[PDB]
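Undergrad: Need coordinates for the below:
(9 chains)
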Amino acid sequence: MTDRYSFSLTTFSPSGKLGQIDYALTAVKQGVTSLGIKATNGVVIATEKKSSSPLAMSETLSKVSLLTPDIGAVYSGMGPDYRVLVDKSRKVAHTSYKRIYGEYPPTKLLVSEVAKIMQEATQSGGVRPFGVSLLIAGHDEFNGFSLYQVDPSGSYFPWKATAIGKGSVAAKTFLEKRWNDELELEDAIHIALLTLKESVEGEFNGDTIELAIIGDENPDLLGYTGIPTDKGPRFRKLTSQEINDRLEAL
Amino acid sequence: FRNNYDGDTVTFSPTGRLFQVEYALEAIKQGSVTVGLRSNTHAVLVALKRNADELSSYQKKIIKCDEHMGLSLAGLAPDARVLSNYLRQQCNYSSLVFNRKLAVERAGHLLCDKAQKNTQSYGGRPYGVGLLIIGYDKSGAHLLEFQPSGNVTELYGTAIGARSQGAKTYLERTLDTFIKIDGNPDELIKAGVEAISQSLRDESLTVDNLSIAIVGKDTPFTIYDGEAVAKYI
Amino acid sequence: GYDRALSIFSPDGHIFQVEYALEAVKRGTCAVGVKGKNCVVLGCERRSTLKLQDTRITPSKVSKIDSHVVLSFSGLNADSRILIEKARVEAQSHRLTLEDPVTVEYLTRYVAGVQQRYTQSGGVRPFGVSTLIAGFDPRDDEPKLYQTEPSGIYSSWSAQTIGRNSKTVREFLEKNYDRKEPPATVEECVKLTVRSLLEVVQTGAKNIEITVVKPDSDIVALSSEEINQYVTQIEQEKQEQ
Amino acid sequence: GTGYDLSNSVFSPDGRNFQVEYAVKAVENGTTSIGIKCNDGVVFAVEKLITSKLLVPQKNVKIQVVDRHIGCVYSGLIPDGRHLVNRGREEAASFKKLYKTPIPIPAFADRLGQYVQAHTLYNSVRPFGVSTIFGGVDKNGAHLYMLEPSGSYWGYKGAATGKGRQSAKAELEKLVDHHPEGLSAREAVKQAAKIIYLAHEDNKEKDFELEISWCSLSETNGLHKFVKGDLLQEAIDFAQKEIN
Amino acid sequence: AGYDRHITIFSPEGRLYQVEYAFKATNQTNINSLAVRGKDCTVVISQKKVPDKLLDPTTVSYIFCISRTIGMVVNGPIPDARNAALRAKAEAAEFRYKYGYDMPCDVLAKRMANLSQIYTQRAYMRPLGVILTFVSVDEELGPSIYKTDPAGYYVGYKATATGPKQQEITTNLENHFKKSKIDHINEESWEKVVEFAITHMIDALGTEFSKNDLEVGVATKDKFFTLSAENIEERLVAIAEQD
Amino acid sequence: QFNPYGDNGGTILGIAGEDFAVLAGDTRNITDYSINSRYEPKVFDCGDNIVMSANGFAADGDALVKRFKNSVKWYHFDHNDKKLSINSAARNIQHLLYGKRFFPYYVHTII
Amino acid sequence: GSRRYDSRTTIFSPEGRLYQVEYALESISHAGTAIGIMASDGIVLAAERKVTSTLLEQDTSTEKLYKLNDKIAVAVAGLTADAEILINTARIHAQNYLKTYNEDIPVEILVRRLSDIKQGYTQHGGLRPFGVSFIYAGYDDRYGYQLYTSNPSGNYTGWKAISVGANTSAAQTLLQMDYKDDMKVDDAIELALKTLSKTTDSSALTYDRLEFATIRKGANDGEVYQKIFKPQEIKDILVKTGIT
Amino acid sequence: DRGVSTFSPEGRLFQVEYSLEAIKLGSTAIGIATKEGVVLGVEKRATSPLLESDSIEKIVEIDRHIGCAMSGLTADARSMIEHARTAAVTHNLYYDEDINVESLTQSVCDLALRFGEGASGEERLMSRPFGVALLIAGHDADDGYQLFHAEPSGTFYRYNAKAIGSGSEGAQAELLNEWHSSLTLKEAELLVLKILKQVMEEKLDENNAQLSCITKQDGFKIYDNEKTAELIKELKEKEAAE
Amino acid sequence: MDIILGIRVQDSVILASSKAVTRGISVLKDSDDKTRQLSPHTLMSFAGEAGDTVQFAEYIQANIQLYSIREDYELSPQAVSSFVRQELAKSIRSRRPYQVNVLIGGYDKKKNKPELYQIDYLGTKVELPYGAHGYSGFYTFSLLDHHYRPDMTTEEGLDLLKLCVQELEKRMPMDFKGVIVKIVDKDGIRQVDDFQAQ
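TA: Residues are numbered from 1 along each chain as shown, chains lettered A, B, ... in the order given. Please find the structure below.
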């Protein structure tokens, strides 16, 4: 019934600060650590699966999501706000792009669409900003591999490597020492696992760690053969088994 | 205390009171006194009119709604215009669509329902007027009292406005007498003028001061002012 | 959607949002208009705070509403554009339905009506703008000068000023403008306009800008050198005492 | 930091909606009304305060009908109760329009429930200042319900609300134990008159008027019907007989 | 400096107090519920408290039949619980009509948790003070338990418990699944799975139950149903003979 | 295809003298070659000493009369029981008729 | 209702100022400085990135300098998210104008429109204003090279040289000191970098902290060309001026 | 804050009562009804001597038989007059007659309470009441010469004589004593001039005060400045005589 | 239909327009000016459906005049004719389309060149040395193909129109009551007072 909230809930304070955006960023700091690293032949996004109960099934809850065959997303902050953003980000990729051009949006443009949705949450009547920072990793033919961060304000930045959430300060330092412009993808996954260990207090294995890549095209993940131009998704979520292998020699 | 819970009608007080509705009730208590009373054949309204100066006219208190129904007002007149207009339309609808003279009881239920919607929704204020509705439908003479809370009571006699407690006590004592005044409209008006003067603490009732309305068995709703009311002074 | 009543009555009987819109006008740069026998002159001050402006492209305070009517303003610059546009649309609309350009009084009444409308509508604040509307009615050689304010009130003036230090310049015109015998020449009328702005603006050829409207759509803004010449003559009058 | 009771939809720190609790106070302030469920129907009764000799007897009817088989009675703000019934009347007509069959009582109860609950979800609406006792006879027997301002409702053997809810419930619970194999429609009507008189001790300074209605498979053909004349006098005399 | 606790906007700390205060509302009714998975069934148990002898016990229920396959147990006040029910029923029917197959348990949960997240972001809607537990035997995933809260959070479970005395039941179950190693009840028939759930509620809450103290809902292949007082009574005889 | 109009026959007459006027009409109502009614009044006293008749399609006639009668009623409510002069009634009827200029009343009307 | 939580974003102060516009301008005074200098043969746009990291990718980065048209470009000060919303409408506006008149939009017309949108959020709608200040650099066949500035109030002005964001007061005096009307573009490049270098809150002015652009007529082509300097190109021009 | 249309504990609407205080700050306006016609007079009150006084329009024609005088926030009156005129002309289109003065006033007052924030009942899109009171004077065949005072409360009184604005309390006391049933038009014109002269801060002349009347024969006329000057000259002589 | 003719010569655009207004069997007027001035250097003639014709012209005129006041600038004939096209292109797909055919005659002060544009009710624009709407074209197009040179003086251009008007008067069935002729050049728009017997 009658929505009487047609006015802004995020306004400027005498100091110039936008209260609700700042507080949203405070919620992101409390959130579990997630990171992203860009190698020469791929990108890796990683986070910890913080389970709410040992009776809960962590497989049913994905912190890493596929947005397009070539684009994936991870977050720090409020889970539910992320889930609904993922749904909208998947839809906008179709409505605002694929239905027009018959192909998937490049990483920068889908990021731009995601940011717009979050900027609206800053200015529209009767809403609060989203309480999440996103890391979006992806590939497109003309840009190659890219990695972006999207803040509650709707701002986005391109990163060689970065971390968000709890231990982001220490993790950004650890990445600065280890990142170079000549990293191969298997090297990048190695760093990703090492950086995430400093954050994780408890069990460190493929059941408590979520990890996905943007790499080579995967024809066996396509589901069909026949069209030569269709080569398969570059987004791949690593299995619990695949993570453990790199942890035995870590 | 009252500070916080009187901001709008939508808000309940800790004791269960709606202060905005109660303040609207206060406008009626400031309004000039009016009296209703009925027998089995006729129903009567007697109203005391108020002026601003001795250079001003006295504001009209009685409104006709249909040939068989009408009402008197105490409080905000613009609100009484809004409500009487509505009741006119409802009477109009009943005649055109069903070829049926709207029952006085149903008129009350409709006014009750219209007042209610103002008492529960944000933004809108309550109405600030009380009404005394007299009619003659298929089941004899009727008299109704309307309060802007929504409450509507069917009565033999009643009064609303300032000092109206005097007139109401008179009717409560004379109940057995005036109810038997059947087929003699004059002797029912005589009882109404005697009722209203029990609420006169200030002035004498004059020829341009007094207003009377009657409906009944063979009498369509008619208003009397000026030299018409002279014989009841 | 948004319909919150922003302009409302207060216990003492004032609309505070309208009262504060007047304060915005008092902050704006001074504007003055004087009418002669056969002309109207609008004078406006330019701010000196930043001396790096590009005058070619910077919006000027004197706007043409039609070919025969001009509008100057004091207050919030951004607000003035809204009022100007509406007035310019109504001007073309009036030529379309009536087959005749607007009278100065009509255009004033329309602008004043818009301003008033923004003082008793939900969800909107009053215009922080007062205007001077000047010109010549179609086929008429009698000069017209009008003023409007945020409340929506309007009236005609022989001479008027608005904005900062307008108390000072109004005081000047009250003891310098003769209604019996108005300024006879265009040159005589422009001199008085510059004289009044010299009371509130310190020596500035850059600072004072003048526009002269004559009968039958003859509007021309003055160059800096032309205005500078008026200043040069006026300042030599004082030293004679 | 307080002020949790100033706006409707707001949760207080302990998890409550204070504005609904304030509506409950308006109900407790009101006239007492009851419902008895019997072996083939339901009986409704209500107290009517006679403020003055001037109120015409039998004329200010409180108990209302939805459709032809449902009866409703309420304590608290009468206009609110009237508004709730206007909704119920629209709601039942809509149901009959689409499914042909008249609305089942459990179905109708939830229709009121969702509507009253809706008025606790927004700050732009006021909660309902009524408790509503209602029921009737459908495809599978009699049903009796009570609806609170929060939107909470349950099925009842006997229901009571308003001023004299304490006296009423105390007397209703004695009936459940004294009549374990059900009570007849005739009996319940007479017994309903007693409860109303006994709950009038709470408001004993004023004179009152009794109003009763019933819905029964065998006595009224499963339709809502008011109690009049000889049957009502019989119930009034029975209540007077058990007071001395 | 005050009003950030009345509507759903962030506090300086990054917290939504109205969501936190809605969680508090879920425990108002002082009722504990638990859900467990069998080999090919799913069972919900909820405490039935009828304190008033004027009530009709058959109408006192916090277990709802959402669709032919899906059932829902609610921890929270009934008007909010029934609100959530009516929506779930509507959403389940609309899904079947639009997509031609029955809405899965995990999908209905995600949907209801999305709606819960909206009230969490938009100011004119208050959160519902309820925790929803959905159960079924999905035609792809098998026996399922999914739980949604006023935060809009949802996850799958091996088993779960909800209410004031939740932790007793939670730890009790946790200890069993470390002992049994498998993540379900290794039993063929649902009747013996219902018995397990009642046994484990007794040992966790330290209280015996009668047929009127319990409420039971069972989900099997292509069917969800709630047990009558007598079905529970029969089930209560079985545990008395085992001890 | 549905035809919204029909023809009910009849005929009406109106003559005015010095201090009086008359309005007459047959009481027969017909459809095609059948007689619907032998006595169906078609001339009505509308109040304020105005007689009215609309002839042609009876359902449009009855509607018009009914709408004008209601117009008289509201005029009294709005203008302090002022008598509606015949010239005023005429202009008022013009607006009723022309208000349905694009779905006309198939009547010839006389007051 | 909601009256309790309304900031009233579009109201005057007793002084006659717009609260939100004022606070938005304060917000911008914290944003990285941007400078625009108009010369006789082109325009320069220089901007200072804020809070840079070594891991931040500059090649794919574009946060302060945006292309609106084939002939118009902007420098941004303030919320980047807010700016992109406006930048998109501006791009649409230029295209609408082109589709209507078959001519590129005159710079001032594009500026007036954006400035009109910003003014709207000031007078109606009860929403917060855009926390953005723009410098516009453009060219058309009427006024040639033009330089404009617009702030949250919707006010716009025309400049020969201007600065937005942090330290404008200090930046404007330095420009007023060194700017002359008959400036060559290569001289205007130096002035822009020198001014930034002096007003920087950082230790030194480096390539990874700068966005740089020019609008210049073809040194052989005869028509207008935009150039958004690449990191390596800025590193080159920063060694030239004498900052290294 | 507090709702716009909201009752006080005393039983009055805050906005309406505060609006009445704005009218008390307005310029004086006087109406006198006689059997030869109704007379309407206003104080111009120009804020500066540079103001062109005859551009102050506080007397307006509604129809040939109905005139209006305003007091208070006079910018608020424009849309009221526009409504009034349209009502009058519209009535003549439907009914081929002149609108009654009583019915015209009622139509103007119907607008007065149409303020709020998206309310129940009908549709009321206006943020505040009008900050202006009106004196409506005219003639019709039914009730003859009439003077109405229309308030932002939505209620209207008929007056034999009425003063509104800043000088209204002192003026109404004077009008109480002076008015009798058998006054001539010229006596009334001189009377309006006599009271305005008293309550004004400035000395009264043909520039800062305006006269108008409505008669059956010539309808509603606003007196030119040369005519009013002569009545001021005539009033000076009569006061000096006794 | 009405006669609507245009011809671009060396340094001017010449527009000739039919003077008659005929409805039914009566010639109601023989002195009708079937043109509007859009700006000091741009002139538009028009022909088509009875009402649409003047309403469209005056509507376009108000918009170009509004642009001039706002911008303190005059749109080039190319810009004006694109605005007109798009309004017609809009209107042809609306509920009731403007049935108006126009000619835009303008002198571009920036380019120092005369310009003529033919635009029909569908929104079909084209720039031409000479143009005609209606049946008129069936005679004048081939005549001008023969006689026209691109460097003709304004005096030569008027002679060339007289040759077109003589042909239309001889061969066309309708009495169009002669023409009103206007010149558009660098000095603005003027009317040739004597053409009827020049």
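Undergrad: which residue ranges form the strands in chain H?
TA: H:29-34, H:37-43, H:59-63, H:66-72, H:132-140, H:144-150, H:156-158, H:161-164, H:209-215, H:219-222 (DSSP state E).
Undergrad: do the first one and chain B meet?
TA: Spelled out, that is strand H:29-34. No - using C-beta under 8 Å from any C-beta of the partner chain, strand H:29-34 never reaches chain B; the gap is at least 9.4 Å. All C-beta atoms are positioned from the backbone trio N, CA, C, and that covers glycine.
Undergrad: for that strand, which positions count as buried?
TA: H:29, H:30, H:31, H:32, H:33, H:34 (16 or more other C-beta atoms under 10 Å in any protein chain shown).
Undergrad: Touching, the fourth one and residue H:174? I think so.
TA: No - under the contact definition of C-beta atoms under 8 Å, residue H:32 does not touch residue H:174, with a separation of 11.4 Å.
Undergrad: contacting residues around residue 234?
TA: I went with chain A, as the question did not name one. Counting by C-beta atoms under 8 Å, 6 or more residues apart in numbering or on different chains, residue A:234 makes contact with A:69, A:70, A:139, A:214, A:215, A:216, A:217, A:218.
Undergrad: You answered for a different chain; I wanted chain D.
TA: Neighbour list for residue D:234: residue D:190 [criterion: C-beta under 8 Å, 6+ apart].
Undergrad: Tell me if it really is in a strand.
TA: No - looking at residue D:234 with DSSP: H, G, I helix; E, B strand; the rest coil, it is helix, so not inside a strand.
Undergrad: Next, find the distance separating it from residue D:212.
TA: 11 Å (C-beta to C-beta, to the nearest Å).
Undergrad: and for the two, which residues touch both?
TA: With C-beta under 8 Å, 6+ apart as the test, residue D:234 and residue D:212 reach no residue in common.
Undergrad: And the one residue in chain D that gets nearest to chain B, how far from residue D:44?
TA: The nearest approach of chain D to chain B comes at residue D:79, 2.7 Å away (C-beta to the nearest C-beta). With distances taken as C-beta to C-beta, residue D:79 is found 20 Å from residue D:44.
Undergrad: do stretch D:147-159 and chain E meet at all?
TA: Yes - applying C-beta under 8 Å from any C-beta, one finds stretch D:147-159 in contact with chain E at D:150, D:151, D:152, D:153, D:154, D:155, D:156, D:157, D:158, D:159.
Undergrad: Any idea how far apart the tips of that stretch sit?
TA: End-to-end distance of stretch D:147-159 (C-alpha to C-alpha, to the nearest Å): 10 Å.
Undergrad: tell me the phi and psi of whatever residue of chain C ends up closest to chain F?
TA: Chain C approaches chain F most closely through residue C:97 (24.3 Å), counting by C-beta to the nearest C-beta. With angles defined as degrees, to the nearest 10, residue C:97 sits at phi -90, psi -30.
Undergrad: what residues are up against it?
TA: Counted by C-beta under 8 Å, 6+ apart, residue C:97 has zero contacts.
Undergrad: Can you give me the separation between it and residue D:168?
TA: 75 Å.
Undergrad: what's around residue H:133, how many residues?
TA: Neighbour count for residue H:133, taken as other C-beta atoms under 10 Å in any protein chain shown: 27.
Undergrad: give the contact list for it.
TA: Applying C-beta under 8 Å, 6+ apart, we find residue H:133 in contact with H:23, H:26, H:29, H:70, H:71, H:72, H:149, H:150, H:151, H:152, H:164, H:165.
Undergrad: Apply 10 Å and report the result again.
TA: The contact partners of residue H:133, taken as C-beta atoms under 10 Å, 6 or more residues apart in numbering or on different chains, are H:19-20, H:22-24, H:26, H:29, H:69-73, H:77, H:149-153, H:162, H:164-165, H:168.
Undergrad: same check, this time on residue D:211
TA: Contacts of residue D:211 (C-beta under 10 Å, 6+ apart): D:33, D:44-48, D:58, D:60-63, D:73, D:196, D:226-227, D:232.
Undergrad: swap the cut-off to 8 Å and go again
TA: So residue D:211 contacts D:45, D:46, D:48, D:61, D:62, D:63, D:226 (C-beta under 8 Å, 6+ apart).
Undergrad: Find the residue closest to the first one in space, skipping its chain neighbours.
TA: Spatial nearest neighbour of residue D:45, excluding adjacent residues (C-beta to C-beta, 6 or more residues apart in numbering or on different chains): residue D:192 at 4.0 Å.
Undergrad: what does residue G:200 give?
TA: residue G:48 (6.8 Å).
Undergrad: neighbours around the one you found, how many?
TA: 25.
Undergrad: Flag every residue of chain A that's near chain D.
TA: So far as C-beta under 8 Å from any C-beta goes, chain A lies against chain D at A:1, A:2, A:4.
Undergrad: wait, what's in contact with the one residue in chain B that gets nearest to chain D?
TA: As assessed by C-beta to the nearest C-beta, chain D sits closest to residue B:150 within chain B, at 2.7 Å. Under the criterion of C-beta under 8 Å, 6+ apart, the contact list for residue B:150 reads B:112, B:113, B:115, B:116, B:119, D:77, D:78, D:79, D:80, D:82.
Undergrad: Can you tell me which of these end up in helices?
TA: If you go by DSSP state H, the contacts of residue B:150 have B:112, B:113, B:115, B:116, B:119, D:78, D:79, D:80, D:82 in helices.
Undergrad: tally of neighbours for the fourth one?
TA: What that stands for is residue B:116. Neighbours of residue B:116 (other C-beta under 10 Å): 24.
Undergrad: need the contact list for the closest residue to chain B within chain C.
TA: Ranked by C-beta to the nearest C-beta, the top residue of chain C for proximity to chain B is residue C:3, at 9.4 Å. Going by C-beta under 8 Å, 6+ apart, residue C:3 touches A:6, C:122, C:123, H:117, H:118, H:125, H:127.
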